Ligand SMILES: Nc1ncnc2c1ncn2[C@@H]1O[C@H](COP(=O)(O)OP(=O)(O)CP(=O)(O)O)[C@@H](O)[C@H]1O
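The chain below stands alone and is given in structure tokens; this is the form solved without this ligand.
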């Protein structure tokens, strides 16, 4: 029985490493190409699974080589693919990424088959969703499909974790009211609220705007400064700091954080929110110490045992 269900995106990353980023009109040579596995949904699901969660990934890929490889990737991480759909009508989602030596990049995203996961595809996952502890969604699929997933989780009493990413200025108000935990980064809070968010102080103001739109719990992540959290029961913003790490590659760190959070909501429901966020920050910080996205996400066996212990 899957405790964590993720309804979201799978993306094939097509990565070229270069010394400079090309300008308009330019043909350059890079020195390495490789294929990686990405997509916010799948990323979050993978981190949760590597922590030991039983997870199920509801998504749609193409009936093509990239899609068959994605399915294999999910299976290699012990994620159930019972509701991973394939379609001839579009290609697997792709992110074309060029990265220079400085680590800066340009990214072209074609969502493809991700945009065709529909309400019928979710209905078929209804038993699975009703038995889960947590439902996770983002904004990389059709927004109506994510809404319907959250609506189903609410109806069955399943906790909803919503990560509004990438953020849009005009977000449907139901996303807030259907979210038990609403988690985003500074950058995304700036878009959703129109406010500046550089510091913990700023974040507390933005989180309150979001809380008043109807979320139960709001979490704004602040990168190296940890995160701020507010809830209906504890509306005072609370800052949760993180011990400074050495960062190799921060790609996918937000997804590592949300996946860890899903894991703790599902298997350690009686931990305090502050304690879950401390542990999730730690795990994310491990991921920033290695390159890659999914390949940098730590397994339970490689993490300290105190992250998996809980007092009475």
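Take the two forms, find the largest set of C-alpha atoms that superpose within 1.5 Å, and that set is the rigid core. Numbering follows the first chain given and starts at 1. Shifts are known only where both forms have a C-alpha.
We do not show the form deposited with this ligand bound, though everything after this point is about it.
Only one listed stretch (217 to 225, 126 to 134, 149 to 157, 194 to 202) carries heavy atoms within 4.5 Å of this ligand in the deposited bound form, and that stretch is 217 to 225.
Of the residues given (231, 77, 81, 242), 242 alone sits with a heavy atom within 4.5 Å of this ligand in the deposited bound form.
Scanning 265, 58, 253, 49 against this ligand in the deposited bound form with a 4.5 Å heavy atom cut-off leaves one residue, 253. Residue contact check for residue 284: one or more of its heavy atoms lie within 4.5 Å of this ligand in the deposited bound form. Residue 73 falls outside the set of residues with a heavy atom inside 4.5 Å of this ligand in the deposited bound form.
Using a 4.5 angstroms limit between non-hydrogen atoms, residue 87 is distant from this ligand in the deposited bound form. Residue 271 falls outside the set of residues with a heavy atom inside 4.5 Å of this ligand in the deposited bound form.
The three marked residues, 105, 247 and 257, each reach this ligand in the deposited bound form, with a heavy atom inside 4.5 Å. Listed in sequence order, 14 to 35, 96 to 108 mark where three or more consecutive residues have CA shifts of 2 Å or more between the shown form and the other one on superposition of the core.
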